[PDB]
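Heads up: the structure comes next, in structure tokens.
There are 4 protein chains.
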Amino acid sequence: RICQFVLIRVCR
Amino acid sequence: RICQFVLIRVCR
Amino acid sequence: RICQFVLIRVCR
Amino acid sequence: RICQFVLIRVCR
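Chains as they are written, first to last, in the working numbering: chain X, 4 to 15; chain L, 4 to 15; chain G, 4 to 15; chain D, 4 to 15.
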């Protein structure tokens with residue numbers, strides 16, 4: 004199984 | 004006012 | 004209205 | 004062998 008890199012930023 | 008970061012790996 | 008920053012990388 | 008990056012903004 005292959006894993007991915009999920010990154011998200013939230014600044015306002 | 005928001006300002007945070009969230010990242011996680013998804014092993015498929 | 005409010006936009007987010009979606010980032011994802013896949014390398015293996 | 005995979006290797007690519009993709010990021011886009013989601014204006015709500």
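All residues carry an ideal CB built from backbone N, CA and C; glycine is no exception.
The Cβ atoms of X:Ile11 and L:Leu10 sit closer than 8 Å to each other. Rounded to whole angstroms, L:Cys14 and X:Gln7 show a C-alpha spacing of 6 Å. L:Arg12 sits in a strand when the DSSP states are folded into three classes.
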